[PDB]
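Report on the following structure.
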There are 2 protein chains.
Amino acid sequence: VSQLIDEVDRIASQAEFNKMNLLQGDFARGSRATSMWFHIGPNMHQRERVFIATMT
Amino acid sequence: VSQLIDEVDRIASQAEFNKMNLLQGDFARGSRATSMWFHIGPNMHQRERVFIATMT
């Protein structure tokens, strides 16, 4: 179980898309790191909220 | 379901055609915004009404 949880932590540290990291919870419910948006509109204000909690 | 309804609200608040929103119900039966007329006649005063209700 120690080995498996070490593998889980390794994955959480390395699981990434491009240079950003996701599983660290940098965009959690109350994460102070930064904020992300997927703009899906032809207007500068048209974008919505996406969140990813902390799963360490 | 809440996420889906939030998408519905985003569509309603963002649905527009030529910098004019449509799903807001600006052309409803009792709408106070304005009356939409499409002139199809070759003379004066042949306006044609179109009605779209609020879709929030």
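Quick note on naming: the chains in the structure tokens go A, B, ... in the order shown, residues restart at 1 in each chain, and ligands are numbered from 1 in order of appearance.
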
Fill in the blank from the handout: Residual all-Cα deviation (RMSD) between chain A and least-squares-fitted chain B, paired in order, is 0.7 Å

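Within chain A, the backbone-based DSSP assignment of alpha helix (DSSP H) covers residues 2, 3, 4, 5, 6, 7, 8, 9, 10, 11, 12, 13 and 14 of chain A.
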
Practice task
Counting only C-alpha atoms, figure out which residue out of A:11, A:33, A:43, A:56 gets nearest to chain B.
Solution key: A:43

Exercise for the section: For chain A, list the residues within 9 Å of chain B, counting only C-alpha atoms, and write the list as a ChimeraX atom specification. Expected result: /A:41,46,48

Problem - Distance of CA of residue 15 (chain A) from CA of residue 40 (chain A), expressed in Å to one decimal place - result: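 Value for the CA of residue 40 (chain A)-CA of residue 15 (chain A) distance: 25.3 Å.
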
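DSSP, applied to the backbone of this structure, assigns strand (DSSP E or B) to the following residues of region 2-52 of chain A: residues 16, 17, 20, 21, 27, 37, 38, 39, 47, 48, 49 and 52 of chain A.
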
Take the residues that were just selected and, keeping C-alpha atoms, output them as an mmCIF file, in the first residue's frame.
data_model
loop_
_atom_site.group_PDB
_atom_site.id
_atom_site.type_symbol
_atom_site.label_atom_id
_atom_site.label_comp_id
_atom_site.auth_asym_id
_atom_site.auth_seq_id
_atom_site.Cartn_x
_atom_site.Cartn_y
_atom_site.Cartn_z
ATOM 1 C CA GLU A 16 0.101 17.265 -16.735
ATOM 2 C CA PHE A 17 -1.297 18.788 -19.910
ATOM 3 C CA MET A 20 0.374 23.225 -16.713
ATOM 4 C CA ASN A 21 -0.454 20.863 -13.850
ATOM 5 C CA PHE A 27 -7.833 25.563 -9.777
ATOM 6 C CA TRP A 37 -11.116 29.910 -18.626
ATOM 7 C CA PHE A 38 -12.212 28.216 -21.858
ATOM 8 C CA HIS A 39 -13.400 31.008 -24.136
ATOM 9 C CA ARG A 47 -16.251 32.553 -21.336
ATOM 10 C CA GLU A 48 -17.324 30.215 -18.542
ATOM 11 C CA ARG A 49 -15.937 28.709 -15.342
ATOM 12 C CA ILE A 52 -10.513 21.127 -10.651
#

Exercise for the section: Quote the spacing between CA of residue 9 (chain B) and CA of residue 26 (chain B) in Å to one decimal place. Expected result: 16.0 Å

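Taking only C-alpha atoms into account, residue 53 (chain A) lies nearest to A:29 out of the set A:2, A:35, A:29, A:8.
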
Problem - d(CA of residue 12 (chain B), CA of residue 44 (chain A)) in Å - result: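 Between CA of residue 12 (chain B) and CA of residue 44 (chain A) the gap is 17.2 Å.
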
Handout entry: Selected residue of minimal separation from residue 42 (chain A) among B:18, B:54, B:24, B:3, counting only C-alpha atoms
Key =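 Residue with the minimum atom-to-atom distance to residue 42 (chain A): B:18.
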